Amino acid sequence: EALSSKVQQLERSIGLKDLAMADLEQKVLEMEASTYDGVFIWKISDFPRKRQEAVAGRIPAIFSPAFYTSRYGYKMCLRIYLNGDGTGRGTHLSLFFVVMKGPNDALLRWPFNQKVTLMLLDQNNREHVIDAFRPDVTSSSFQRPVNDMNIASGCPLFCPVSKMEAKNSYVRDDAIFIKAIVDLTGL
């Protein structure tokens, strides 16, 4: 009993600390993808699988790593519903912009008010899927963040499901690229 206890206790221990390893691995992961010039290219591998998980309702949307407007600027990321959200449910690829809580928010001007351009790159440089917008200053999505993330706001009808998938050049070798450009005017 003596050892049998001091044993399964070091195991529970061995497990708690394993959670602290997976966290640190993701923090490093987020760090490798972060940019600071307002430009971000998000590659989504295992496209087919992730589509299904969306259609099958299992996993409706995916968040992308974070990026900033400058070294100490706004922290942001994207969110995608490979099978639609709201008006584009089941018919369109929905793409959203997310204003996250940044470590420097106290130093930034609010509400967030930079033009944002969203793109679905054509892997044939022929015809990309592009759209843009200016923040709705009265929406809570662009108010100084209180939580980890604000409500995502963007293009629920960004791209017709058929357009991608099918064939074209958007999806190649089971992956797609999403590009976001945050206009830096004023910053």
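All residue numbers are counted from 1 along the displayed sequence.
Engineer: Looking only at CA atoms, which has the higher mean B factor in the entry: 87 to 95 or 110 to 118?
Structural biologist: According to the entry, 87 to 95 carries the higher average C-alpha B-factor.
Engineer: Return whichever of 176 to 184 and 1 to 9 has the greater mean Cα B factor according to the PDB record.
Structural biologist: Higher mean C-alpha B-factor: 1 to 9.
Engineer: For the C-alpha B-factor as written in the entry, point me to the maximum among 27, 144, 43, 49.
Structural biologist: That would be 49.
Engineer: So where's residue 56 on the chain's Cα temperature factor ranking, which third?
Structural biologist: Ranked within chain, residue 56 CA B lands in the highest tercile.
Engineer: Lowest, middle or highest third of the chain for the C-alpha temperature factor of residue 37?
Structural biologist: CA B-factor rank for residue 37: lowest third.
Engineer: Comparing against every modelled residue in the chain, figure out the third that the C-alpha B-factor of residue 69 lands in (lowest, middle or highest).
Structural biologist: Bottom third by C-alpha B-factor.
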